[PDB]
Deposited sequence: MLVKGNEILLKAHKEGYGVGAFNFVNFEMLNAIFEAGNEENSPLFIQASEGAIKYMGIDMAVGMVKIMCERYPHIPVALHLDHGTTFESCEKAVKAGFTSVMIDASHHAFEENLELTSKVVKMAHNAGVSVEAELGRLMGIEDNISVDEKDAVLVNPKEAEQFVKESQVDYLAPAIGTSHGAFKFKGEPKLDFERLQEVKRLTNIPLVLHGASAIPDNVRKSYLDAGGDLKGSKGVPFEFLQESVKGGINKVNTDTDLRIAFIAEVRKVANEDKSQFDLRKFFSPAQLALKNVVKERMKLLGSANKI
């Protein structure tokens, strides 16, 4: 059923596994994510950015998710606001029925980030909603002693510490590198669920599908599977994944468009796109250790 974010992540935290947090912008993405969770018996975070919420309308975003939770009531699901930018945005998501919200004030100095985060936490906790915050900048790394105080004072439920990742398909020039020692220190000092942003891997098969369909991914590099596994070992419990989904999905859309110029049945485009997305999610659930955890 639809539950507080912390209900899912506290379990992941205690048992040392990762739960994928999968972005959606419409029905096709949502359906594929839920079918993956059903097929792998995995809990999941379903998340929507502010842009996605604007696109769908927050009423439809929450509404569709509730319908899917009713279709699959045995799956623990948290509905999470990804990269909330203002107190007001977070409050709107709480009122609409989100069960987790991220307030991202990581671009502010420590004091201001702590202050805004704490304000969101008071409001969210009053409504029974879990809160994520962020420390460090994907484009300076997290300071573990800052993280310690930050969590203690804000009472935030989970923290996203910057350790080397970044959003999108172009995460690394040269060999991929993440600061796992910094990750481990943050984990020890905070003892709460941690969140990894920019965690798409861009798997070989997905890259190939996109390129075979005429796509261009020059210079793209994701987080290796091995690094994702090491992140979870290090204390990451929520793993934000968006780019892998988009690439897998759009690869199939491009392929259909290429192979039949007379094809305009939407389902012929989006059925294969859903399947590719679903498969990426299923594999990731197995990789992170959330499979068979329901």
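Counting from residue 1 of the deposited sequence, the single stretch lacking C-alpha coordinates in this chain is 140 to 152.
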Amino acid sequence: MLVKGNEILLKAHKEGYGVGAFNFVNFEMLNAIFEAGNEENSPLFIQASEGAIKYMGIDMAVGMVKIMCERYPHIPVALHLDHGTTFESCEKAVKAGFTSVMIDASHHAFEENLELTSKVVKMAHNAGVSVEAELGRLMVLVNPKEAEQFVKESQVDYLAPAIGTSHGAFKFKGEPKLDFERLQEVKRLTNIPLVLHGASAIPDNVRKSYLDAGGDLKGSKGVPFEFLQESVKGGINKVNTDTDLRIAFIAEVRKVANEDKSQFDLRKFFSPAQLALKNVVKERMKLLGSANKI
From here on, numbers count along this sequence of modelled residues.
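So that the term is clear: the rigid core is the largest set of C-alpha atoms that superpose within 1.5 Å between two forms.
Per-stretch RMS Cα distance to the displayed form in 7 other deposited structures of this protein, following rigid core alignment, is highest for 218 to 226 when 218 to 226 and 108 to 116 are compared. Note: missing coordinates for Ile103 occur in none of the other compared entries bracketing this position, so the one-third threshold is not reached. Notably, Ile192 is never a gap: all other compared entries of this protein, restricted to those modelling both its neighbours, have coordinates for it, so the one-third criterion is not met. Two stretches are in play, 185 to 193 and 67 to 75, and the higher mean C-alpha B-factor belongs to 185 to 193. Across the two stretches, 32 to 40 and 222 to 230, the PDB entry reports the greater mean Cα temperature factor for 222 to 230. Across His108, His83, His80, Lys92, the entry's maximum B-factor at the CA atom is seen for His108. For the set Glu175, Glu88, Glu132, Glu115, the PDB entry puts the maximum C-alpha B factor at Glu175. Among all modelled residues in its chain, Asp59 ranks in the middle third by Cα B-factor. In this PDB entry, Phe98 carries a Cα temperature factor that places it within the lowest third of its chain's modelled residues. Sort the chain's modelled residues by C-alpha temperature factor and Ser262 lands in the highest third, per the entry. Among the modelled residues of its chain, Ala124 has a C-alpha B-factor that falls in the lowest third according to the deposited record.
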